[PDB]
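Enquirer: can't give you the sequence, but here's the structure:
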């Protein structure tokens, strides 16, 4: 079998976490432009027949609870799972509105042994976030 | 759209095969790796790469080699391949006498530091641990 | 008949490890702009990895930062596809 | 200009944080699979799809055998990291 | 106009 | 014999 089975009754969920406004105590800037991203993604995955759920400005606690809950849903009749994270970040880390959370903590809920109704199904994480503070100066060619 | 792979040469395939480590490392001999290096040499030979096998290099010899390769003229080559077979940690490969940041190896070939490979595929194949977790699998 | 518990994940990162990722205040992030455009054009035709490779090329070639701060001006970005997938993925 | 990190591909034998497995007689699981898939498919498939077959072969056809229960019956998934901007074919 | 994440 | 790297 060389291609994932994509003809289940449902394509699956597309969870979009759009963090624009951060607690001033974090020092993080407002992410102007992310609402445009979030609406673009909703329309894009809608036309791919995903059940899209947009969540806005979640704390690190709400991110973990959302992911936990979604991973415990019954995905048996779904082909795949998509999660889009739009926020600030560092290497290995995505920011809730009030502080950091390890990406590995989020993706671990969907591990093959921990979300059995997604075992063998593609689990797609799309991450718009910084991964550090290096800048690519590019090369002219 | 696809890379131009009809340059006169497919390019180099560097194979660094580290089997025996200095006792200061506390790291066991990597039985089976000679089979790997010989398999890779034949595989890439059939793909028309110029293969160079090197064996049991220190961390300094790895850095040196990569620097020298990176300063060669790759103008007539379609691509570059480097295969690293050794012990490792996350972000790290081991020379015979100690660890080396993988970023220090790959940086020699950045588009601004190896101009004759700008725009061409640079493939690094890494057989080495990346930590000490074990995957218990799921039925 | 077991599979790795880490199998069948794909992480489509907007940028390389260690780097900033860029966002336009009016049009959105370079990466998401490009991803949505290529899914729209190619999801009925191309495998997902080839779609994401086209996203890489679009981000790498069509975007360059504009900033009043010279430190942040004229910068570039390459996304980073991380696949632990075991099969090809077609959205149709 | 293009990014200086563009046009790299890192084919890792195992996922971030994990051990990678080797057989003392047959070689490492990943290299065995990589050479076999390149032999079978280099004249047929794009490189990312070849590596996806390598992922499936490592994930499904290998499981560790160890006298130490701690290291017995373990699995592995390779990790493809692509900053490539184009498809890569080893054939004409 | 352009900002970092 | 299976071993880790």
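Expert: Yes, it's here. Numbers count the residues shown, from 1 in each chain, chains lettered A, B, ... in the order given.
Enquirer: show me where chain A has strands.
Expert: Counting by DSSP state E, chain A has strands at residues A:10-18, A:51-56, A:78-86, A:89-90, A:93-96, A:99-102, A:123-128.
Enquirer: could you pull out the strands for chain C?
Expert: Going by DSSP E, chain C shows strands at C:9-13, C:22-24, C:28-29, C:80-83.
Enquirer: Make CSV out of those strands and add mean neighbour count.
Expert: C-beta: built from backbone N, CA, C; applies to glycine. Listed next are the strands of chain C as CSV, based on neighbours: other C-beta atoms under 10 Å in any protein chain shown:
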stretch, mean neighbour count
strand C:9-13, 23
strand C:22-24, 25
strand C:28-29, 26
strand C:80-83, 23
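Enquirer: could I get the ones you listed as JSON lines with distance to chain E?
Expert: Shown next, in JSON lines, are the strands of chain C (distance: least, C-beta to the nearest C-beta, whole Å):
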{"stretch": "strand C:9-13", "distance to chain E": "12"}
{"stretch": "strand C:22-24", "distance to chain E": "5"}
{"stretch": "strand C:28-29", "distance to chain E": "7"}
{"stretch": "strand C:80-83", "distance to chain E": "14"}
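Enquirer: nearest residue to the residue with the largest distance to the centre of chain A other than its sequence neighbours?
Expert: Using C-alpha atoms, centre = their mean, the residue of chain A lying farthest from its centre is residue A:141. It sits 34.3 Å away. Spatial nearest neighbour of residue A:141, excluding adjacent residues (C-beta to C-beta, 6 or more residues apart in numbering or on different chains): residue B:118 at 4.6 Å.
Enquirer: Would you agree the residue farthest from the centre of chain A is in contact with residue B:112?
Expert: No: using C-beta atoms under 8 Å, residue A:141 is not in contact with residue B:112; the gap is 9.2 Å.
Enquirer: so what sits against both of these two?
Expert: By C-beta atoms under 8 Å, 6 or more residues apart in numbering or on different chains, residue A:141 and residue B:112 have these common neighbours: residue B:118.
Enquirer: got a markdown table for the strands of chain A, with distance to residue C:85 and mean neighbour count too?
Expert: Below are the strands of chain A laid out as a markdown table (distance: least, C-beta to C-beta, whole Å; neighbours: other C-beta atoms under 10 Å in any protein chain shown):
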| stretch | distance to residue C:85 | mean neighbour count |
| --- | --- | --- |
| strand A:10-18 | 15 | 21 |
| strand A:51-56 | 21 | 15 |
| strand A:78-86 | 11 | 24 |
| strand A:89-90 | 23 | 20 |
| strand A:93-96 | 21 | 23 |
| strand A:99-102 | 22 | 16 |
| strand A:123-128 | 9 | 24 |
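Enquirer: which residues in chain C form helices?
Expert: Counting by DSSP state H, residue ranges of the helices within chain C are C:30-42, C:48-62.
Enquirer: Tell me how many other residues crowd the residue in chain A that chain E sits nearest to.
Expert: For chain A, the residue closest to chain E is residue A:130, as judged by C-beta to the nearest C-beta, at 4.6 Å. For residue A:130, the count of nearby residues is 24 (other C-beta atoms under 10 Å in any protein chain shown).
Enquirer: was I right about it contacting residue C:19?
Expert: Yes: between residue A:130 and residue C:19 there is a contact under C-beta under 8 Å: 7.4 Å.
Enquirer: Summarise which helices and strands the top helix by length along chain A is packed against.
Expert: Criterion DSSP H: the longest helix present in chain A is helix A:34-47. Counting contacts by 3 or more C-beta pairs under 8 Å, 6 or more residues apart in numbering or on different chains; DSSP states H and E, helix A:34-47 packs against strand A:10-18, strand A:51-56, strand A:78-86, strand C:28-29, helix C:30-42.
Enquirer: What parts of chain C come near chain E?
Expert: Proximity of chain C to chain E, by C-beta under 8 Å from any C-beta of the partner chain, involves residues C:14, C:20-26, C:29, C:65-67, C:72.
Enquirer: how does it look with 10 Å?
Expert: C:14-15, C:19-27, C:29-31, C:63-68, C:72-73, C:75, C:77 (C-beta under 10 Å from any C-beta of the partner chain).
Enquirer: Pull the number of nearby residues for the residue in chain C positioned nearest to chain B.
Expert: Nearest residue of chain C to chain B, counting by C-beta to the nearest C-beta: residue C:2, 3.5 Å away. For residue C:2, the neighbour count with other C-beta under 10 Å is 18.
Enquirer: on that earlier part again, got the angle for the longest helix of chain A vs strand A:10-18?
Expert: Relative orientation of helix A:34-47 and strand A:10-18, computed by axes from the mean of the first three to the mean of the last three C-alpha atoms, to 10 degrees: 180 degrees.
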